[PDB]
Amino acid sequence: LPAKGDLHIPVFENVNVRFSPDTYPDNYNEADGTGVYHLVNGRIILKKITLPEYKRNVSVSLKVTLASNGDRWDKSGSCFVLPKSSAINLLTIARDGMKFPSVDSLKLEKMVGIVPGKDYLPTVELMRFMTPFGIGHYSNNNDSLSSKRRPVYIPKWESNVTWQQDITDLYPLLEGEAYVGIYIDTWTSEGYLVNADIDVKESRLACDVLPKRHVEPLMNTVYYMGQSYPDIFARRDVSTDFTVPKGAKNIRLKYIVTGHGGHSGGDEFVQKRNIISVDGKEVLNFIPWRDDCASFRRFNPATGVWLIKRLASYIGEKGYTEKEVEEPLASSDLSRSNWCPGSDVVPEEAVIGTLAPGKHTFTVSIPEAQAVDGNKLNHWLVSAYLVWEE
């Protein structure tokens, strides 16, 4: 098998992801001079990549560097790829007037685009991320503003955040021509600055043949374009049917979930079990949760802060002593439903192996999820797909 060499793709360089109708007036706006499409008024950036026709096996990684350009919030992000066999996609919708297929309101309410339908497979996420609170733009380490915000145990603010993930399994969606993009739920004109690279390592072996891989998009509740907050789980489970062909080998489920609702007692800050199933049998069951958000403090200069009273032990003049202090607690410190401001989300994974050829059902259940209530925006960002060899 012939080599086509490694490949470094700088998908995005210092691109401003933002909300600006004055700059990007429509949902579709022609690619700029750098080949970057700005959709949904700047909230989505998209780019056509071209990979060689690899005959050898490869590995693929995604690297994303991000900073705030003035936006002060920890907003949801998603680096994604538009699936192959789907005439309807984010681009064709915005550009060519395509629409997410109509849904049965009894089973999916008004939740368009979240599961497959006629001429539609859900967008597939290469990486889910959560921006920190104002990194870079508000990361001033000069004594002036720092002493007031920066805790004594944090020597300096980082100027940006970088995430890296192996996306080798999604290779079938990158092969040939593919549209890769980044969405950030930003509503400020300032927005964010992002870089994104896709690197491909080609095997140095003349015998290591590229396996025939497949990706099956099952679900994606991320509200990219004309979609609403996904609280449907507060009222019903969400299911989709899918087809497994003969010969499918080593089937694996990938499940990317984060919970949301930034108000007190909202699903962002409260434990809710996710039960995922195939053909009615549980294959994943867990509480999406992180107890380690303090570890991201340095990435979160613009976070809100409270004072919490605590009787704290300490070393004083006369030895081991005790005193009530008012200790700062950052919003960025709080435990959350599978993320911290400044983290990415590594997909949970279940090994299925083989399934009977034909139709199967995929179900996601978050039975105790809270509904949207006024300005309380509880919801669950869930995306999932199957990968397998043919």
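Residue indices: 1-based, along the sequence shown.
Stretches 105-113 and 249-257 differ in mean CA B factor, with 105-113 having the higher one. Between 145-153 and 299-307, the higher mean Cα B-factor belongs to 145-153. Out of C340, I49, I45, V64, it is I49 whose C-alpha atom has the highest B-factor in the PDB entry. Ranking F100, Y224, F133, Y192 by the C-alpha B-factor listed in the PDB entry places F100 at the top. Residue-level temperature factors show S365 in the lowest third of its chain, judged at the C-alpha atom.
Among the modelled residues of its chain, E216 has a C-alpha B-factor that falls in the middle third according to the deposited record.
The PDB entry assigns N41 a C-alpha temperature factor belonging to the lowest third of its chain's modelled residues. In the deposited entry, the Cα temperature factor of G70 places it in the lowest third of its chain's modelled residues. Per-chain ranking of the deposited C-alpha B factor places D26 in the highest third.
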